[PDB]
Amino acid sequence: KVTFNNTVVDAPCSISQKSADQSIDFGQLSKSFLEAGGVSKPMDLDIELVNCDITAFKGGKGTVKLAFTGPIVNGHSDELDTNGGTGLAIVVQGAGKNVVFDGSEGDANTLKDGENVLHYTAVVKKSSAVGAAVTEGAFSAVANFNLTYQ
C-alpha cells in the first residue's frame, strides 16, 4: 500500500501593482501652484490582492485588520510626510474616507464585488505644518500596508 499525506491551509494575501516596484509617480508639479493651495491630480493607488481568498475584504465583519503606517505631519495623521524637504505631504483616500497613518484601523472591506483590487487615490499638497512652504526638489515616501490576521 501507499499512503498519501498533505495539509491544506488558508494563505495570507500577497499584493502587487501596475508597477514592479510598487510605486506611483506624481510626475512634475508646480512649486507655486502647490504653494498657493493647489493640489496634485488624485492618482490611482490600486493594490491587487493575490494568492489568497479575497472573501474577507469583500463588501456586501472582517478577520483581517487593515492599516497604513508611515511618518505623519505632526498633528495630521491623514497627511503622510515626505522625503526631500520640499514641504509637501501625501493624502490618501479610500472609499469616501481618508486613510490615517498614525497606525489606526482602516477600512478592510473596500473591495468592489467581482474584483480583487483595493482602490485608493493619492494627492500631493503643501504640508499642514505651521509655516510650511513648498520648495523646488524631488520628493518621495513609503507607506506600510499592514494586514493583521486574526
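Heads up: residue numbers just count along the shown sequence, starting at 1.
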| query | finding |
| --- | --- |
| Length class of the unmodelled deposited segment, which would lie between residue 60 and residue 61 | 4 to 9 |
| 135 to 143 or 8 to 16, whichever carries the higher mean Cα B-factor | 135 to 143 |
| Greater mean Cα temperature factor according to the PDB record, 105 to 113 or 35 to 43 | 105 to 113 |
| Selection by C-alpha B-factor (highest) of 91, 88, 54, 67 | 54 |
| Residue 83 CA temperature factor, ranked by third within the chain | highest |
